[PDB]
């Protein structure tokens, strides 16, 4: 396969001072639930984290209520029961739909240049963007080169790079011509497919942007914690460094 293009969305959490946006994450959870969950899952995400600080931070009651929609084979009982916040979301419904638990960390969108990874060094790995792009990347009309060869069950996507491509779209050496490839995931978005309470716009563009950010949190819940830990560590050290520096200079100054 190979690598491709990804729209560079300016998410709130990027940058050393970046932090999630509570509401966005919330909107996202709605998109995930109302749309994605249909086929995907999040088996490593404990529902009760919906409550934890630094993320959507929903009220325990709501969470407890939300968890109720799922049906889970109970550990001992073996019979079924409503979901408790102590349960993880369920496995993907659709057999070949991947688990979105770690997606945003599991994908790179910024590659190179020259295979030097200097592009990641300044833009990050770009998983959320990639996800974004994939959602955005479903065009209405297939690229001409494969105007009558669209494999059945698949859909061209501008960002997906590991899909199959009609021979009619490979160059003299088998390389593809198309920017993207054929994915097995039918376009899921559709302007205003979800009703945000506060009325926020449900343009496919937005939804994607959000659900991504959500999925970014879903995979890196302790992000903010991590970064806060950061500043701290740097501070101690930046200081400790300066001090130790002088301490050193002074001590050595007494020999040369």
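Numbering follows the first chain given and starts at 1.
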**Prompt:** For the C-alpha atoms alone, is the average B factor greater in 190-198 or in 226-234, going by the entry?
**Reply:** 190-198
**Item:** Mean C-alpha B-factor comparison - 4-12 and 245-253, higher one
**Value:** 4-12
**Asked** Can you tell me which of 167, 87, 129, 99 has the highest Cα temperature factor in the record?
**Response** 167
**Request:** Kindly indicate the residue among 133, 161, 73, 178 with the greatest C-alpha B-factor in the PDB record.
**Result:** 73
**Item:** Among modelled residues of the same chain, the CA temperature factor third for residue 146
**Value:** highest
**Prompt:** Compared with the other modelled residues in the chain, in which third is the CA B-factor of residue 110?
**Reply:** highest
**Message:** Using the temperature factors of the C-alpha atoms in this entry, rank residue 156 within its chain: lowest, middle or highest third.
**Reply:** lowest
**Item:** residue 125, C-alpha B-factor rank within chain (lowest, middle or highest third)
**Value:** middle
**Message:** Please place residue 203 in the lowest, middle or highest third of its chain according to the CA B-factor in the PDB entry.
**Reply:** highest
